[PDB]
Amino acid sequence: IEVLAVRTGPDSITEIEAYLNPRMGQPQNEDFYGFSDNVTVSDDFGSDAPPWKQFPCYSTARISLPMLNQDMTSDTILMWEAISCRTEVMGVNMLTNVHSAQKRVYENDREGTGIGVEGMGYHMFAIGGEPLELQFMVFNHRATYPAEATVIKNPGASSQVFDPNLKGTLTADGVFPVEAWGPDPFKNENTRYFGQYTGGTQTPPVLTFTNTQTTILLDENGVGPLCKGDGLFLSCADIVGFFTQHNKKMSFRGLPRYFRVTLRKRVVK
């Protein structure tokens, strides 16, 4: 796309608000919505098969944007340009719950609070004018992913590091395993992505929330994501950490993410 002037005038700025609910593995609108199922662990890389529901997948949506009021006789067209966003992890408040079927601090004395949600935090969101471009990369290439999940079958040993042949695009919600796909830095010219990972299984989650924080989406040339087909593409994963039962079974807990995106009209050839 050849990028020209910002289009100013009334109705040249618009704002969308959207949510993505987490896809930690357990089915929608059933009792464990927001959790994975209890995590089983293989004995060997050669006999490793994570059952469906026991691992998180990326959340993704395309938002239909307002009509642009195109200049019919112009050589150029208008595109919605994402210039900034606010994003918040919602429901951070629920993590003050230390009474709901949790392994207790002093379990052998049957006493104390629940241990609450602890362990790894993976927080990533992406905002783009097209689907997020992905690099396939896995901890163990011999893992057999279930048929429900979108992966590269038989990826080979090279997939445990960078292999330029192992590409994909985030085209579906709740099926691309977080542990098998990451943003592709060789692409995503038309998307901004941000991730943080904090590991461990006893690590305290650290989360902030405010309605006062803006992130600029303009690149070094002052150009934000340009919305192809008048679609805004939102992607995230928000693993907060693990829920531990009394019997020590552990499951991923996730939280939904809020997006507010400010878009302006851009002239393109």
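Start at 1 and count along the sequence shown; that's the residue number. We call the rigid core the largest set of C-alpha positions that still match within 1.5 Å between the two forms.
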Next item on the list: Could you tell me which of the two stretches, 233 to 241 or 59 to 67, has its Cα atoms lying farther from the shown structure in 6 other deposited structures of this protein after fitting on the rigid core?
Entry: 59 to 67
Item checked: Of 70 to 78 and 93 to 101, the one with larger mean CA B-factor -> 70 to 78
Notebook entry, point to check: Would 61 to 69 or 228 to 236 have the larger average of its C-alpha temperature factors, as given in the entry?
Noted result: 61 to 69
Notebook entry, point to check: With respect to the C-alpha temperature factors reported in the PDB entry, which of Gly128, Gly116, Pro185, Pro164 ranks highest?
Noted result: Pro164
Note to self: If I read the C-alpha B-factors straight from the PDB entry, which of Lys153, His123, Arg192, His141 is highest?
What the structure shows: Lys153
Notebook entry, point to check: Looking at the C-alpha B-factor of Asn21, is it in the lowest, middle or highest third of its chain?
Noted result: lowest
Next item on the list: Would you mind checking where the Cα B-factor of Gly199 ranks among the modelled residues of its chain, as the lowest, middle or highest third?
Entry: middle
Margin query: Where does the C-alpha B-factor of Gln28 rank in its chain, lowest, middle or highest third?
Written below: highest
Checklist line | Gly112, C-alpha B-factor rank within chain (lowest, middle or highest third) | finding: lowest
Item checked: Third assignment of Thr171 from its chain's C-alpha B-factors -> highest
